[PDB]
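Single chain ahead, written as structure tokens, the form deposited in one PDB entry.
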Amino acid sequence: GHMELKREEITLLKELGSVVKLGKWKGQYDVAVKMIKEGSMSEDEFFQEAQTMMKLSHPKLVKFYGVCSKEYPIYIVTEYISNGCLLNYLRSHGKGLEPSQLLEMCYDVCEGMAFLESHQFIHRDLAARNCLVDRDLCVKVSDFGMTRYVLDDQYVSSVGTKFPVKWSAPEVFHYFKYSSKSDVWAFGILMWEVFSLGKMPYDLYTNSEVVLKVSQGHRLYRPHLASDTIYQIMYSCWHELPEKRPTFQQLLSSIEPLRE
């Protein structure tokens, strides 16, 4: 098999986030190394989560390299994505970007998402916070411990980790279910985060308020940087009925003419 890496071939350099560290693998490759402490998660859950991330390999998804599981802390090793978190990037440097570059960020996410959709997986927390920006401003989605298998046009129970409600499809908070399109709703919110340069969606409202207002028909306003056509694409993601929302394949073909 091939998932286990030689721990001695990884030099830990600096803390990236909280714990993820920057490292050098074999004196040649830049890596990001997530530290799993004993008790933070079950070893069975860790193994399943690593195997799934490995399997869902795609240029627009974070590239899993391997694990170091012979002792604690357990390592999950991935590629090192230079520009960090998309949310921080939008907030720090967004103002300088061209609107075509913001649209390109949405296209990257949509491409990675159409891949997950092709394998009947959904991302349970599709948000800027779970996206990483490379040197060229290309976006990669992190799927680690966040995916769920759901048959096309079906529903499954929401039982598991509860993710922020402001990115959740109504079926999630109304019916305690995910649909194969719960993912698509969150993609619209991600698009809104991109075009608003990282503003908090539904800023002035609580989770209980959002749940109620969304149920009433309230949707996020158009960020000024987004064209009318782009806003119409994000809006289409927010249909109350999953069956009325587009697929990531349809979204990809809608985003493409607008220059990818």
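Note that residue numbering follows the sequence shown and begins at 1. For clarity, a rigid core is taken as the largest C-alpha set superposing within 1.5 Å between two forms.
Omitted here: the form deposited in another entry. The next part is about that form.
Once you line up the core between the shown form and the other one, the CA of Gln51 is the only one from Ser215, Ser208, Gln232, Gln51 that shifts by 2 Å or more. The rigid-core alignment places the CA of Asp136 less than 2 Å apart between the shown form and the other one.
The two forms, fitted on the rigid core, differ between the shown form and the other one by 2 Å or more at the CA of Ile74.
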